[PDB]
Amino acid sequence: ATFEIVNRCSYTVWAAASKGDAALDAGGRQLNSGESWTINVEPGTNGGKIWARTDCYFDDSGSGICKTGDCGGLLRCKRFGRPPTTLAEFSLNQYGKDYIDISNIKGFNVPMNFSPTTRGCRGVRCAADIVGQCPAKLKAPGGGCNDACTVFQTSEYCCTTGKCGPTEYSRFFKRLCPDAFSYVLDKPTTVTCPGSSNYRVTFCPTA
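Listed below in C-alpha coordinates is the structure:
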(Lines of atoms letter the chains of each structure in order from A; the text may use other names.)
(Lines give C-alpha, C1' and ligand atoms only; values in the text may rest on other atoms or scores of the structure.)
Protein backbone atom coordinates (compact mmCIF):
# COMPACT_ATOMS: atom_id res chain seq x y z
CA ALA A 1 0.00 0.00 0.00
CA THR A 2 1.14 3.49 -0.73
CA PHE A 3 1.10 6.24 1.92
CA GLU A 4 1.81 9.75 0.96
CA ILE A 5 3.02 11.75 3.98
CA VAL A 6 2.58 15.55 3.55
CA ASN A 7 3.89 18.25 5.87
CA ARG A 8 1.51 21.26 5.65
CA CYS A 9 2.96 22.66 8.89
CA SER A 10 5.02 25.83 8.70
CA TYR A 11 7.77 24.08 10.62
CA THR A 12 9.95 21.07 9.70
CA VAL A 13 8.83 17.65 10.93
CA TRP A 14 10.69 14.34 10.82
CA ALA A 15 8.17 11.82 9.71
CA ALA A 16 8.35 8.29 11.15
CA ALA A 17 6.83 5.00 10.08
CA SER A 18 7.17 1.78 12.12
CA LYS A 19 5.40 -1.40 13.17
CA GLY A 20 7.17 -1.54 16.48
CA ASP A 21 9.79 -4.15 15.69
CA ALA A 22 10.81 -2.81 12.35
CA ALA A 23 10.59 0.14 10.02
CA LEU A 24 7.92 0.57 7.43
CA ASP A 25 9.69 1.51 4.17
CA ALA A 26 12.81 3.57 5.21
CA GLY A 27 11.40 4.38 8.65
CA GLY A 28 11.94 8.15 8.89
CA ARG A 29 12.60 11.14 6.74
CA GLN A 30 12.77 14.81 7.12
CA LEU A 31 9.80 16.79 5.65
CA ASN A 32 10.29 20.53 5.31
CA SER A 33 7.21 22.72 5.16
CA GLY A 34 5.26 21.62 2.08
CA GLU A 35 7.27 18.52 1.35
CA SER A 36 6.01 15.12 0.70
CA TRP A 37 7.64 11.77 1.31
CA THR A 38 5.98 8.74 -0.38
CA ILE A 39 6.25 5.27 1.18
CA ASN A 40 5.42 1.71 0.54
CA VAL A 41 4.02 -0.33 3.36
CA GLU A 42 3.87 -4.06 2.93
CA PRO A 43 0.42 -5.56 2.55
CA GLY A 44 -0.69 -7.31 5.65
CA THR A 45 1.18 -4.97 7.99
CA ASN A 46 -0.59 -5.20 11.36
CA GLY A 47 -0.11 -2.46 13.99
CA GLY A 48 1.70 0.05 11.80
CA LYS A 49 2.02 3.75 12.84
CA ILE A 50 3.07 7.02 11.29
CA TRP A 51 3.83 10.09 13.30
CA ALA A 52 5.71 13.38 13.28
CA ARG A 53 8.72 14.24 15.32
CA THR A 54 9.53 17.80 16.25
CA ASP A 55 12.77 19.65 16.98
CA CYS A 56 15.18 16.99 15.90
CA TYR A 57 19.00 16.92 15.57
CA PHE A 58 20.80 14.13 13.64
CA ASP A 59 24.50 13.63 12.93
CA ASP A 60 25.83 12.32 9.63
CA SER A 61 25.19 8.67 10.74
CA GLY A 62 21.45 9.36 11.32
CA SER A 63 21.84 9.39 15.12
CA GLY A 64 20.56 12.13 17.39
CA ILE A 65 17.48 13.23 19.38
CA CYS A 66 13.97 14.73 18.83
CA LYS A 67 11.95 16.70 21.40
CA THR A 68 8.81 14.76 20.55
CA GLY A 69 8.44 11.27 19.10
CA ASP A 70 12.12 10.23 19.39
CA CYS A 71 12.53 6.55 18.31
CA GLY A 72 15.74 5.57 20.11
CA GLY A 73 17.71 8.44 18.66
CA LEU A 74 17.49 7.22 15.00
CA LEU A 75 16.45 9.26 11.89
CA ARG A 76 15.24 6.00 10.39
CA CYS A 77 12.81 4.65 12.95
CA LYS A 78 12.87 0.87 13.92
CA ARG A 79 10.73 1.34 16.97
CA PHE A 80 7.74 3.42 18.08
CA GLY A 81 8.27 6.97 19.27
CA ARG A 82 8.47 8.63 22.68
CA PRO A 83 5.23 10.27 23.66
CA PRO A 84 3.81 12.76 23.05
CA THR A 85 2.86 11.58 19.53
CA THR A 86 -0.32 12.07 17.57
CA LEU A 87 -0.60 8.64 15.87
CA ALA A 88 -1.93 7.53 12.53
CA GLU A 89 -2.51 3.82 13.12
CA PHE A 90 -3.34 1.05 10.60
CA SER A 91 -3.60 -2.70 10.05
CA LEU A 92 -3.90 -3.70 6.43
CA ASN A 93 -5.45 -6.72 4.62
CA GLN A 94 -6.97 -8.12 7.80
CA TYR A 95 -9.49 -10.58 6.43
CA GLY A 96 -10.00 -8.60 3.38
CA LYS A 97 -10.26 -5.13 4.93
CA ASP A 98 -7.99 -2.30 6.06
CA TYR A 99 -8.54 -0.64 9.50
CA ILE A 100 -7.27 2.91 10.20
CA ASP A 101 -7.38 5.37 13.06
CA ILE A 102 -5.82 8.35 14.73
CA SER A 103 -5.09 7.99 18.40
CA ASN A 104 -4.30 10.41 21.17
CA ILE A 105 -3.71 7.46 23.59
CA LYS A 106 0.02 8.41 23.48
CA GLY A 107 -0.58 12.18 23.60
CA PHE A 108 -0.58 14.82 20.88
CA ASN A 109 2.23 16.76 19.26
CA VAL A 110 1.14 17.73 15.71
CA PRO A 111 -2.30 18.02 14.13
CA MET A 112 -3.02 15.29 11.51
CA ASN A 113 -5.36 14.08 8.85
CA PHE A 114 -5.55 10.56 7.88
CA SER A 115 -7.45 9.90 4.68
CA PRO A 116 -7.81 7.24 1.94
CA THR A 117 -6.77 8.30 -1.51
CA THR A 118 -8.84 5.42 -2.98
CA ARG A 119 -12.52 4.84 -2.80
CA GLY A 120 -14.78 3.15 -0.32
CA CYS A 121 -14.21 4.88 3.03
CA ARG A 122 -13.81 8.19 4.76
CA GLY A 123 -10.82 9.85 6.46
CA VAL A 124 -10.36 11.04 10.03
CA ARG A 125 -8.74 14.13 11.43
CA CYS A 126 -7.47 15.55 14.72
CA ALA A 127 -6.73 19.19 13.94
CA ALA A 128 -7.66 21.14 17.10
CA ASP A 129 -5.04 23.15 19.09
CA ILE A 130 -4.44 20.51 21.69
CA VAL A 131 -1.02 21.79 22.57
CA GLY A 132 -2.32 25.28 23.17
CA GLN A 133 -5.24 24.03 25.27
CA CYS A 134 -3.28 21.22 27.07
CA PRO A 135 -4.07 20.85 30.82
CA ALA A 136 -1.11 22.17 32.88
CA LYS A 137 -0.37 18.76 34.36
CA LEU A 138 -0.21 17.22 30.83
CA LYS A 139 2.07 19.80 29.18
CA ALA A 140 5.27 18.38 27.88
CA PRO A 141 8.12 20.96 28.46
CA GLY A 142 9.77 19.62 25.31
CA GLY A 143 6.64 20.41 23.44
CA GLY A 144 3.28 18.72 23.05
CA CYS A 145 0.53 17.36 25.32
CA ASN A 146 1.23 14.10 27.11
CA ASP A 147 -1.32 11.27 27.71
CA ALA A 148 -2.26 10.74 31.34
CA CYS A 149 -0.82 7.22 31.29
CA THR A 150 2.57 8.69 30.45
CA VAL A 151 2.36 11.30 33.12
CA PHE A 152 0.65 9.55 36.01
CA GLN A 153 1.36 5.71 35.41
CA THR A 154 -1.86 4.43 36.94
CA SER A 155 -3.91 1.27 36.09
CA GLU A 156 -6.83 3.54 35.35
CA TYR A 157 -5.10 5.74 32.78
CA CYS A 158 -2.93 3.01 31.26
CA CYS A 159 -6.08 0.31 31.28
CA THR A 160 -3.67 -2.11 32.78
CA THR A 161 -6.43 -4.38 34.04
CA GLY A 162 -8.46 -4.17 30.72
CA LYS A 163 -11.07 -2.47 32.89
CA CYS A 164 -10.86 1.34 32.76
CA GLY A 165 -13.28 4.12 32.04
CA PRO A 166 -13.03 7.63 30.64
CA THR A 167 -11.30 10.26 32.71
CA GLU A 168 -11.15 14.04 32.91
CA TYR A 169 -7.98 13.76 30.79
CA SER A 170 -9.34 11.38 28.15
CA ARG A 171 -12.26 13.67 27.94
CA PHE A 172 -10.10 16.62 27.20
CA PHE A 173 -8.58 14.88 24.17
CA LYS A 174 -12.01 13.64 23.16
CA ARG A 175 -13.52 17.12 23.31
CA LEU A 176 -10.83 18.61 21.08
CA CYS A 177 -10.89 15.61 18.65
CA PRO A 178 -13.94 13.32 18.87
CA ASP A 179 -12.73 11.27 15.87
CA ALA A 180 -9.53 10.00 17.61
CA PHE A 181 -8.94 7.39 20.31
CA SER A 182 -8.66 9.04 23.78
CA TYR A 183 -8.02 6.04 25.97
CA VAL A 184 -7.67 2.31 25.50
CA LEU A 185 -11.46 1.42 25.77
CA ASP A 186 -12.81 4.45 24.02
CA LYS A 187 -15.78 3.77 21.73
CA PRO A 188 -13.86 2.93 18.53
CA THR A 189 -13.31 5.55 15.88
CA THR A 190 -11.75 2.99 13.57
CA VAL A 191 -12.80 3.28 9.95
CA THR A 192 -13.04 0.17 7.73
CA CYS A 193 -11.63 0.60 4.35
CA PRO A 194 -11.32 -1.73 1.38
CA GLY A 195 -8.48 -4.14 1.59
CA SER A 196 -5.34 -2.71 -0.07
CA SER A 197 -6.74 0.84 -0.04
CA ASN A 198 -4.16 3.58 -0.23
CA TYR A 199 -3.84 6.60 2.11
CA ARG A 200 -2.57 10.10 2.67
CA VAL A 201 -1.49 11.43 6.06
CA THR A 202 -1.22 15.26 6.25
CA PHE A 203 0.43 17.11 9.13
CA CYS A 204 -1.19 20.42 10.07
CA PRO A 205 -4.07 19.92 7.56
CA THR A 206 -5.85 23.19 8.22
CA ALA A 207 -3.02 25.66 8.92
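Be aware that the sequence shown starts at 1, since it is given in PDB author numbering, and climbs by one per residue. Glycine residues also receive a C-beta, built at the ideal position from the N, C-alpha and C atoms.
**Runs of alpha helix (DSSP H) lying entirely within the region 119 to 187, each at least 4 residues, in chain order** = Restricted to the region 119 to 187, the alpha helix (DSSP H) segments that are unbroken, complete and at least 4 residues in length are 130 to 133, 148 to 152, 155 to 158, 168 to 176, listed in chain order.
**Message:** To test your reading of the DSSP string, which unbroken beta strand (DSSP E) runs of 3 or more residues are found completely within the region 21 to 109?
**Reply:** Entirely contained in the region 21 to 109, the beta strand (DSSP E) runs reaching 3 residues are, in chain order, 23 to 31, 36 to 40, 48 to 58, 64 to 68, 87 to 94, 97 to 103.
**Message:** By alpha-carbon positions, which one of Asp59, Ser10, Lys19, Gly20 ends up nearest to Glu35?
**Reply:** If we check each option's Cα against that of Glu35, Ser10 comes out closest.
**Message:** Any heavy atom of the ligand FAD inside 7 Å of the beta-carbon of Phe181?
**Reply:** Questions concerning the ligand FAD fall outside what the structure shown contains, since it holds no ligand whatsoever.
**Request:** Find the nearest neighbour of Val124 within the set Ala15, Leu74, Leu31, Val191, judged by alpha-carbon distance.
**Result:** That would be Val191, whose Cα lies nearest to the Cα of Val124.
**Request:** Compare the C-alpha of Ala136 against each of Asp55, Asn146, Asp129 and name the closest.
**Result:** Looking at the Cα atoms, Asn146 is the closest of the given residues.
**Request:** Could you spell out where the beta strand (DSSP E) holding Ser10 opens and where it closes?
**Result:** Looking at the DSSP string, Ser10 is not in any beta strand (DSSP E), and its letter there is neither H nor E.
**Item:** For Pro194: DSSP bridge partner residues
**Value:** DSSP output for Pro194 lists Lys97 as bridge partner(s).
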